[PDB]
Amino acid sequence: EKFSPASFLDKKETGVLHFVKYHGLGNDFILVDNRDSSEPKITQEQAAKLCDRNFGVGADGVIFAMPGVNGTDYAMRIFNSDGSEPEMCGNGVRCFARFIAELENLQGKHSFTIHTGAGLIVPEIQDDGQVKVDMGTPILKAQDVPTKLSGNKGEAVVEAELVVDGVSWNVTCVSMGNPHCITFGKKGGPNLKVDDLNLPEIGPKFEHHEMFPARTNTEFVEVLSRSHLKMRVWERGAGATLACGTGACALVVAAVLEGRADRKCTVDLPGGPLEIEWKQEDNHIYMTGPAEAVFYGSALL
């Protein structure tokens, strides 16, 4: 043993974080009641540590229920498991909805207005207990995705060439607050057999691509029918997760723009299906999916 005053004091400074674990189709998060302030109870660094699955609580991210902004019922902020802060989370907002209904003991259908870095999001707990969320309107303007790729269909990047590690892929870029790069295959290549991809190998090349200043989420898609899409995703700062709500919304948008599918689809994600719909009437995207509580606890900080 070594004499180390530093280590001694470290193992003394204690803190505790109370939370509830939820998951939306396998995309699991640590939800914390932060309605007592507009400042997150923990730092991004602490969140990263708590998300470690072996040394911490383990999750794809930490979601804070914050006080409303501009009159919304609440505000939501989230930290990825890598510590970065994205502007929205689809599976997360569904868990957020149930987390709220539990904290307020609300029964039945209920909708809340949530302020997020992506704008106004409005989830509504259905009767079946599922959650249908108004993910807002998609951003197609290239520079606002943001991507340095040049719009090749208006100001939008649709099925445009992206050179990834020397290989030419075709991608479509759309933002749901956070950036998404959707691809249905390589340029001049066949359809994808999503399960045959080596995500941990190809994913990082898209995530940190120079054409995406704020990095990006990437979803690989294989069309099963014009109303049935299968996908896998490599998230910005979270890796290969079992599901991504904003990503499912973005890929349906991309599928429509590329003319491969209708505005209403059933997206099969690794952890399960989501019902997505891009209402042409208002240009809003609606996402319907489950959300479940797993356990609640107190972690050391």
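The numbering used is simple: start at 1 and walk along the sequence shown.
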Revision key, fill the gap. With B-factors read from the PDB entry, the higher C-alpha mean of 238 to 246 and 35 to 43 is in 35 to 43
**Study point:** Given 136 to 144 and 167 to 175, the range whose Cα B-factors average higher in the PDB entry
**Key:** 136 to 144
Practice item. Using the entry's values, work out which of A101, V93, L199, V157 has the largest Cα B factor. Key: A101
**Study point:** Criterion, highest CA B-factor; candidates, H110, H208, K186, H180
**Key:** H110
Point to revise | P290 - which third its CA temperature factor falls in, relative to the rest of the chain | key: middle
**Study point:** CA B-factor ranking of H18, expressed as a third of its chain
**Key:** middle
**Study point:** Chain third (lowest, middle, highest) by recorded CA B-factor, residue given as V256
**Key:** middle
Check your understanding: What third of its chain's C-alpha B-factors does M76 belong to: lowest, middle or highest?
Key -> middle
Point to revise | Within-chain third of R215 by Cα B-factor, per the entry | key: lowest
